[PDB]
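Colleague: Quick one: the structure is below, and I'll ask about it shortly.
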Amino acid sequence: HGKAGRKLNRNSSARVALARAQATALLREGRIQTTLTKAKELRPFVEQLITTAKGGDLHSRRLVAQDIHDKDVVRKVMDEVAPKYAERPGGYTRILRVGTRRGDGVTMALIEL
Amino acid sequence: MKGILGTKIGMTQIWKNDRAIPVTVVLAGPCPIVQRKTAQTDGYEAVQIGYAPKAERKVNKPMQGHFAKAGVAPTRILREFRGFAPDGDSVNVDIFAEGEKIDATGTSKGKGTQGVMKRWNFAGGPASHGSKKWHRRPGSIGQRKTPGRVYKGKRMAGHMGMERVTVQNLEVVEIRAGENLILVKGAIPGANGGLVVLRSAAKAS
Amino acid sequence: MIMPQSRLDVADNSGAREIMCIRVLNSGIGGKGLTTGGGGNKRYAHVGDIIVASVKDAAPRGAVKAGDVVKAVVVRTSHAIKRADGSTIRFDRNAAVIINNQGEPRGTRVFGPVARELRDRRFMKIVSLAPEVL
Amino acid sequence: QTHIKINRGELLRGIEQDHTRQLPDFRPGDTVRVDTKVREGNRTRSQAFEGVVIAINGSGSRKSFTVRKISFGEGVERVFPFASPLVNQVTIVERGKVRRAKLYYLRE
Amino acid sequence: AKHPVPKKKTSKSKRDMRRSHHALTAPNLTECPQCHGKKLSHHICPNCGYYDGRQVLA
RNA sequence: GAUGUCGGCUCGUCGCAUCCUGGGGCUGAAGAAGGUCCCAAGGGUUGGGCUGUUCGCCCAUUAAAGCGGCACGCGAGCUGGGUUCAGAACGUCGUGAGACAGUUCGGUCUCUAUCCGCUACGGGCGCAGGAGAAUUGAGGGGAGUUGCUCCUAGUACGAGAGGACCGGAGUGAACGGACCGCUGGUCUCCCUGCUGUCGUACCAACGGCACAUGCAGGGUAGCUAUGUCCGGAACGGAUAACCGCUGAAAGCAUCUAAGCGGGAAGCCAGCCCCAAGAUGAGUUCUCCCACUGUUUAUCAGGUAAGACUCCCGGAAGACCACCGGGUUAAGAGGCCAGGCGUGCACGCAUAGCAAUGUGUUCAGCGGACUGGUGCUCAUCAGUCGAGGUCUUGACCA
RNA sequence: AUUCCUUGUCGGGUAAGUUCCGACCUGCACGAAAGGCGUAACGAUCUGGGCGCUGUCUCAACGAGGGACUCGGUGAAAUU
RNA sequence: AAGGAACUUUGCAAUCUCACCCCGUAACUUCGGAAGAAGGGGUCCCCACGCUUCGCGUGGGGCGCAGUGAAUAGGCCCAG
Ligand SMILES: CC[C@H]1OC(=O)[C@H](C)[C@@H](OC(=O)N2C=CC[C@@H]2c2ccc(NC(C)=O)cc2)[C@H](C)[C@@H](O[C@@H]2O[C@H](C)C[C@H](N(C)C)[C@H]2O)[C@](C)(OC)C[C@@H](C)C(=O)[C@H](C)[C@H]2NC(=O)O[C@@]21C
Ligand SMILES: [Mg+2]
Ligand SMILES: [Mg+2]
Ligand SMILES: [Mg+2]
Ligand SMILES: [Mg+2]
Ligand SMILES: [Mg+2]
Ligand SMILES: [Mg+2]
Ligand SMILES: [Mg+2]
Ligand SMILES: [Mg+2]
Ligand SMILES: [Mg+2]
Ligand SMILES: [Mg+2]
Ligand SMILES: [Mg+2]
Ligand SMILES: [Mg+2]
């Protein structure tokens, strides 16, 4: 059959780049408009980065630095965002569905922190 | 004849004497008697039993009445067991006994569309000596001009699994009533957390 | 799991050094000697199974010589053998011991350890000369 | 399929516990594993398998360990269910220094 | 040439018969609670940009 | 104005003039082993060496290694070894160009299925109201093989050597179904190690690239066989050849002309699966209840019971369908704890000139596993869906 | 690369060898510049064997990517 | 996994081999060859000393399953 669990519409290398790229964008911007699916897939990965950063020690930073290649974003996540989510029992990131696009007819969506 | 509804829990390793036994842990929970079917009213002799409890809100008026007429409290599953009567409300205690050969039936894990190789056994073809028809692809579907038809029943690719399967003469290894559990030697069809139907051996050896 | 064409080590001083499977039989052993086959199919030889084989290499001087068509019982396998308690045995190299039509070895000695399954399969004499029975 | 509110984990853990045995610490490095050979006729014999632990696998009932040893010039690997009745007691013979969890390279 | 090919033109009937399942399904449009310009269920109202509060610009 | 041709493979199905099993009669049938004929097509009928081979010979087995049909079954299914194109050589023939009864090396097998047929899956309408469930089985399909060993019993039988029927146990082989606990396989980024180079200022620590995993080691869920579990039956009813009972024609005799019983792996039933489009559309339980609308709107419109649409998912799945959850909420994600996998993290300290080693640290990391928990989204809503035809008969106040 | 009878006959190799090597001679129908016989080296030649290795195979499984399936956009064909 | 040509017309296809240094190397021959025959071993990091340098040699030590640590990269042999 196919009872696995994850997505991949590209190849290993790329599936990672995308997740890391959208993870960097959401943390840079605070909210990003993307395809509904790409947004559904992004949600767990960014939520996981917030928890790693919630450590607040060097090891926790360097672990974020593995997926967040932008130096300024890693500082923002580490010193600004994770602290704010201290008492949030890791949940925050929400998805809003906008509606169908022109060229491909794809339903767009929002993903905000 | 005798029978129960349950949920396949899983498979583990057990020992009886020095021999290791592959067991299928089954929850043959309490089964309320919901309808008795007689030759006088239903034209045949049978019993309607029920299995998993349903939240009252989730149950509709037609099912509410049917459950109320027996004073049961909504199940979710309802199955009939022919030529079975015993009074009260069905549990595995004295229904089954350690050593009894039983016929556990479930619904095979469905494997969607499957080629003639996986589904029918087939043979496919050469991987190398010049193909186009490498591995799966059936052969010749028929003959030539005579039966201008392809035989009805022809083994071809289709939806494999998600079917009724009765596995015969499975041994009863352990029974923990009150824990509402029954251990069976071997493998029962269907996936974990699925509906199983444990019945007294269809035609015991 | 031994099938025709499988070359295997000889665990005896019968003369042969390597035998190559020609046929896997349904390994008889009852009164009259070895019993007649339990079918014509039968895919693989396991430990305790009887195979017909061609002698691919023998030592100079010894009862069995190269090219001779012989019967041997499988005594070791790289393919794992399962037991009633749930334990498993597996040997680095597969091996056999040349037998006669009586099921008794052709050599005076057995080399390396042998599978306990040979004992259940009623191969006393083989088990008897075996240095260890695992 | 039947949507019963169940913790299958514990139902399973429940059964498995009356069929699970704890043995000495052992991670790799040598072990005399003294097993009992009940099958030698009606008589109960005693054998001892001693060698390096190459793998440890599973948990609960299913938990096992693999022992490798060279016996009479030929390599032998034996796999034991910790809770097997034919196993009497395992004993650490000498603790080993290893950089991984599987040791299969020792086969060459 | 072009290996399997159709044997006869398919009649005006036959052709239209397979077309019986092509008819599009109109959206299930709902009235918006705070600008009333119709919206899709579970989507942000295109006109006011609300989804309980105002989520999007314009 | 084209019906592709040997052999292989793939896939089957059919006949019986039966190769094996099953039942019988005769035997120059003591027994065991057979010979021959009758009934019997349910299943079964092995792997190799040689040849393009069909065949055949051989090896090694077997219960057996059946014969034939299906365009010498099957190339819009595959091969292309044989043969029948162009090249080239040999032997032969022809003065020659060339030729063959030949032989030899080489030599383009065409992505898209319209109808019928076949496998799987829906949508529609029907089944005299609208609904939610549970079903009977007309019919259909699947399955159907067989060895060895022991017991009976070293008995019957035979002078012996040898050696049973009948009945009863086991245990395999092949095949099938299911399953993933076990042994294993895989597991494309879950963990580790390694190289070159480029980058995050440098060091340290990381990241890309080397595959569509750079390479290596291992590996959970899932899927999987080569791994497990179960299966072919028993009982029965009617029969075949065949064996009998009562029994005339034909004072006797005869299984047959009246009637009767027995009797096969075959037939019908039993086992497993589908099945009321079984338009002959069946049965049972439960629910909702008999709205409203001008001789302008001729039956539409609010509705009930109930469902659908949409969202979030799924051991369900191409789509659709099927199952669950949708705040009255534990559905998925997260988050927490645990399992399990990898195998001792960064950073600091110490030891050494150093490469490294040791402690901190059974560490650190973390896909899919088992629970918990209202942090995130399952918001808000819209669409649809009865008011039950007539005739005859029985009961009813 | 010539042999019809032909799978000639004996030997080798193989468990088993219509091919292959070796003899033999009965050359249907070899033979001396339409060159005869041999020859080290060379060959994307052709033939037979061995070791190694392997999914060619028993017997197939899992995994990946691009198509196939679904929606939006554009939209052919032989054939009839 | 186990097996290893049992596939087949035919190991077709795909593996295996794969660079540089040291050792080593057959029949046969036209004395060049055959030859990269065949087969074996080395290969990373540090430190000390020696030396013709980018380096290399001896010695001791270190780490991993594995050191042309990834990429480029002969499978070989017998006979016709
Ligand atoms: C690749 C596409 C091209 O088709 C082709 O080449 C394929 C390979 C050819 O197939 C064939 O030869 N075979 C197919 C079956 C057997 C035969 C064949 C026979 C022996 C061998 N032997 C070995 C050992 O190999 C190989 C093949 C085609 C189909 C030829 O048709 C066959 O003709 C035979 C004479 C009569 C056949 N029937 C009627 C019985 C008929 O099928 C032919 C002549 O084209 C060559 C048709 C005309 C119409 C064209 O010319 C079209 C336009 C082509 N032109 C273009 O470019 O497209 C094409 C379609
Ligand atoms: Mg195949
Ligand atoms: Mg394992
Ligand atoms: Mg022809
Ligand atoms: Mg055809
Ligand atoms: Mg596994
Ligand atoms: Mg790997
Ligand atoms: Mg009868
Ligand atoms: Mg719902
Ligand atoms: Mg969870
Ligand atoms: Mg040239
Ligand atoms: Mg389109
Ligand atoms: Mg010569």
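Every residue, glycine among them, receives a Cβ derived from its backbone with ideal geometry; neighbour counts consider all protein chains shown. Only the coordinates and a few stated rules stand behind these numbers; no lab work does.
Colleague: Is it true that some residue in region C:59-79 is away from RNA strand G (no atom under 16 Å from the Cβ), closer than 21 Å to residue D:40 by Cβ and not in a strand (DSSP E or B)?
Modeller: Within region C:59-79, not a single residue is away from RNA strand G (no atom under 16 Å from the Cβ), closer than 21 Å to residue D:40 by Cβ and not in a strand (DSSP E or B).
Colleague: Hey, could you check region D:55-77 for residues that are assigned to a loop (DSSP other than H, G, I, E, B) and not charged (D, E, K, R) and say which is surrounded by the most Cβ atoms within 10 Å (Cβ to Cβ)?
Modeller: Checked region D:55-77; the qualifying residue surrounded by the most Cβ atoms within 10 Å (Cβ to Cβ) is D:72.
Colleague: Could you check residue C:52 against (1) within 10 Å of RNA strand G (Cβ to nearest atom); (2) without any contact (Cβ under 8 Å) to a residue 12 or more places away in the chain and say which number it fails?
Modeller: (2)
Colleague: While we're on this one: Please enumerate the residues belonging to region B:60-96 that are crowded, with 18+ Cβ neighbours inside 10 Å and among the small types (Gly, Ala, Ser).
Modeller: Hit for region B:60-96 is B:90, nothing else.
Colleague: State which residue is surrounded by the most Cβ atoms within 10 Å (Cβ to Cβ) when the search covers only region C:98-134 and only residues that are among the small types (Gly, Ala, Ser) and on the phi < 0 side of the Ramachandran plot.
Modeller: Once the filter is applied, the top-ranked residue is C:115.
Colleague: Something else about it: Can you pull out the residues in region A:1-20 that are more than 8 Å from the chain's Cα centre (by Cα) and in a helix (DSSP H, G or I)?
Modeller: A:12, A:13, A:14, A:15, A:16, A:17, A:18
Colleague: Within 12 Å of the chain's Cα centre (by Cα), more than 30 Å from residue B:108 (Cα to Cα) and either assigned to a loop (DSSP other than H, G, I, E, B) or touching a residue at least 24 places away in the same chain (Cβ under 8 Å) (or both): is that true of residue A:87 in this structure?
Modeller: no
Colleague: State all residues of region C:32-47 that are within 16 Å of RNA strand H (Cβ to nearest atom), more than 14 Å from chain D (Cβ to nearest Cβ) and surrounded by 13 or more Cβ atoms within 10 Å (Cβ to Cβ); if no residue qualifies, say none.
Modeller: C:42, C:44, C:45, C:46
Quick grid of which residues meet (1) away from chain A (no Cβ under 14 Å); (2) free of Cβ contacts under 8 Å to residues at least 12 places away in the same chain; (3) away from RNA strand H (no atom under 16 Å from the Cβ):
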residue: B:95; (1), (2), (3): yes, no, yes
residue: B:109; (1), (2), (3): no, no, yes
residue: B:137; (1), (2), (3): yes, no, yes
residue: B:143; (1), (2), (3): yes, yes, yes
residue: B:146; (1), (2), (3): yes, yes, yes
residue: B:158; (1), (2), (3): yes, no, yes
residue: B:168; (1), (2), (3): yes, no, yes
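Colleague: Just name the residue that is nearest to the chain's Cα centre (by Cα) out of those in region D:78-92 that are at the interface with chain C (Cβ under 7 Å from one of its Cβ atoms) and in a loop (DSSP other than H, G, I, E, B).
Modeller: D:84
Colleague: Could you please give the count of residues in region B:111-131 that are within 13 Å of RNA strand H (Cβ to nearest atom) and exposed (fewer than 11 other Cβ atoms within 10 Å of the Cβ)?
Modeller: Qualifying residue count, region B:111-131: 5.
Colleague: Just to check your reading of the model, which residue among D:52, D:32 is of a type outside the set (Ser, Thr, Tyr), more than 13 Å from chain C (Cβ to nearest Cβ), in a strand (DSSP E or B) and more than 27 Å from residue C:9 (Cα to Cα)?
Modeller: The match here is D:32.
Results for (1) under 14 Å from the mean Cα position of the chain (by Cα); (2) not in a loop (DSSP other than H, G, I, E, B), shown as yes or no for each residue.
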position: B:91; (1), (2): no, no
position: B:135; (1), (2): no, no
position: B:138; (1), (2): no, no
position: B:149; (1), (2): no, no
position: B:161; (1), (2): yes, no
position: B:167; (1), (2): yes, yes
position: B:189; (1), (2): yes, no
position: B:205; (1), (2): no, no
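Colleague: With the structure loaded, tell me whether residue B:109 is charged (D, E, K, R), within 16 Å of RNA strand G (Cβ to nearest atom) and under 18 Å from the mean Cα position of the chain (by Cα) or whether it fails that test.
Modeller: When the stated conditions are applied, residue B:109 passes them.
Colleague: Name, by its number, the condition in (1) on the phi < 0 side of the Ramachandran plot; (2) within 6 Å of RNA strand F (Cβ to nearest atom) that does not hold for residue B:173.
Modeller: Residue B:173 satisfies every listed condition except (2).
Colleague: Another one. Under 7 Å by Cβ, and 6 or more places apart or on different chains, what pairs join a residue from region D:8-35 that is closer than 15 Å to residue D:51 by Cβ with one that is of a type in the set (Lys, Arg)?
Modeller: Partner pairs satisfying both residue conditions: D:29/D:95.
Colleague: Hey, which of the strands (runs of 3 or more DSSP E) in region B:1-66, taking only ones fully inside, have at least 2 residues that are within 29 Å of residue B:185 (Cβ to Cβ) and away from chain C (no Cβ under 14 Å)?
Modeller: Counting at least 2 such residues, we get B:3-16, B:19-27, B:46-50.
Colleague: Then there's this: Against the conditions (1) within 14 Å of chain D (Cβ to nearest Cβ); (2) assigned to a loop (DSSP other than H, G, I, E, B); (3) more than 13 Å from RNA strand H (Cβ to nearest atom), where does residue C:93 fall short? Just the number, please.
Modeller: (3)
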